[PDB]
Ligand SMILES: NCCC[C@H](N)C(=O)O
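Here you get one chain, nothing else, as structure tokens; it is the form deposited without the named molecule.
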């Protein structure tokens, strides 16, 4: 309330600090949206974002590390520059995504994800910078995570230990409605290659193998759990009709709400692929993807605290697929709310690219960044909340084996 240094007053400061930075935050979104770049090729977005945190006044007050582990990834850190000597500081992480989609551009609104992560972290710092009483030990960490749509850049960062010292991690994703949580499933990719032998009696038909595998999985759909998903293509199904195909290649991905269910679904698919080899006489290589994507672990305490802030900002509550943030949420407590940006268009369509770059989307983006920053302030000043986040994180970890 009207009290010296209230949490409600710090929350107001962070919202004022975000409104003051609206112009240059909009420029940041425009720079990434206008130059769409694909996974691991986000060189321009990496330059724009590293320069953004280097130029925040005072110069070099954000400690920026470009090319952090990945060439297009980065890391920016800020803390109050004073020590006292008590005693573990709180580490709060904010993620920026910035990879686009082939052909249609930023049809997932990833330019706004970079903006919202930068804005939230800016707002937190400004609320803590305007504090007389020595501020609690906090480090604001920003991580640029490339290649969300393909590869999974967060996973490469996890393998470098980038998340081992974070206590909470925040990010947000533009969608069609406002929701503090939405079920993103685990995912496993696979590439299947069949090899036979090229009169047609003396023939092993690798095209038959591909078709029989397709038939095997198709009838299996009747026994799939209703939450499971299986999609795939025949990449190579022959070259010339006068030669019996001695090579075929399929590309599939499977999805399930948990890792244990995903392993069961993957094993039944493996049987379907191996059966086609047995029936055709071909040999088969089944090569899984480099990284499995994890389902997103929810955190009741963090989500309930986030919704209470958004309701004050005026957000009314009620996705794209699977994200490498699920791997993050398995090692650091986090939230990944989806927000609406003034459009009815669907994600990963051409009309969403229009909305993602529109002037009208800027209001909704900064508003949700305000909600993230206030939620970070809650964790900083409510120790009962921090233990609540850690309790919910520990319990959900056991239920996922």
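Residue numbers count along the first chain shown, from 1.
What follows is about the form deposited with the named molecule bound, which we do not show.
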{"query": "Residue (of 91, 75, 255, 125) lying close to the named molecule in the deposited bound form, criterion heavy atoms within 4.5 Å", "finding": "255"}
{"query": "In the deposited bound form, the residue from 149, 156, 292, 208 that sits within 4.5 Å of the named molecule by heavy atoms", "finding": "149"}
{"query": "Options 209-217, 141-149, 114-122, 267-275; stretch whose heavy atom lies within 4.5 Å of the named molecule in the deposited bound form", "finding": "141-149"}
{"query": "Partner contact for residue 323 in the deposited bound form: the named molecule, 4.5 angstroms, heavy atom", "finding": "yes"}
